[PDB]
Structure formats: structure tokens, C-alpha cells
């Protein structure tokens, strides 16, 4: 059936987790998120699709001696938030922007217990930053920046070979948001997309190019 949850070291104290789902109309979708280690503590950057894999992801780090201090969801879709309910049931703090929690509530989905609003937010000061470049893939999508490793988790915003499903997208705003994102993190050493392979800062340019190309054809 579906492939198993995967966990791979990317850099010191930085892991990529990859989960898999059948999405009607698209087949098997891979989803990359991160687990970031601060000392003996771990932060989930997005949850896997399901409580099952969220649980597997968590026990993997706990069994290796890391306390799960919290999770942050980069946007409201299931591939970033699907594990929030299970995490909440274990009293592991969950984080999302006000807009994300609003979009979850509208959909009748479980909200993160902690919310933030504003362009920038430190989940962990000087270690894990959250940035809102504007609407793109969804109205609420944010990225997560690791200044010590110069690693950017781009989430589902980063779409280098095509925009994917535009159901909740803001096609007008996406080029402007992508330009802002490129401005801010052009010096990223690594960029981690949700649905494609890890690349360098060039993925920011391609995303902008795909966004611009996507808008013109819309007209």
C-alpha cells in the first residue's frame, strides 16, 4: 500500500520527515516537514498527514531522548495540520497563525492551542522564525527560517515546476509574495519544499517564475 513514514538527517539538529497520502485526483502525494532540535528539545515543523504518522514521528524522537516542545503549522491544509488533534490530546503545544486557526475553524477542523499574528514571529528566539510573505498557495501560508543553519522550510508555497491545486490559491498576489520571499531569504543555503526535493535558493526564483507564468495564463 502507501509508503512508510520517512525520517532523514538534513543538517546538524535538522531532520526531514516525509509522509504519504492518497489524494483523490492526484495519486500518492509526498509531504516534507521538519523536526528541529534545540538542545534536548524537538520542534515539529508541520505535522504529517495523519495522527498515526504524527505519533510515529514523535515516538521516534522521544525514544531517542528528545522532548517534543511543540509544533508549528505552515498553513491550514491537512498535510500541515493533520496531526494537531493528536498532539493536543497529548498536551504537546500546537502553533498556527491567527488566519490558519481561523481557516481551520471555518472548515470544522481542530485548531492549534497557540496562535500568533503579524509578519514575523519567533517560535524560538534566534533559532526558529516564522515569516508571512503574503497569499500564494493559500491565504495563510507561512515559511519557517533557521538562521543558524541558513535553512528555509518553504512549505507548499514553494512550487518550482507548477503551482499544483489552485483551489484555495491567490493567483494575483502570489508573484508579489514570492518576490518578497526571494528578497528576504535569497541567501538561504537550503530550501525545503513540501512536495518536491530539497534545493538551494534557486527554488525561490523558480517559484516566482512559476507564479508569474501562472498569473499571465490566468488572463
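C-alpha atoms forming the largest set that superposes within 1.5 Å between two forms make up the rigid core. Residue numbers count along the first chain shown, from 1.
Farther on average from this form in 8 other deposited structures of this protein lies stretch 20-28, the comparison being between 20-28 and 195-203 by RMS Cα distance after core superposition. The stretch 161-169 shows the higher mean C-alpha B-factor when 161-169 is compared against 65-73 in the entry. Between 79-87 and 144-152, it is 144-152 that carries the larger average Cα temperature factor according to the deposited entry.
Set against one another, the Cα B-factors of 42, 180, 34, 51 in the record reach their highest point at 180. In this PDB entry, residue 16 carries a Cα temperature factor that places it within the lowest third of its chain's modelled residues.
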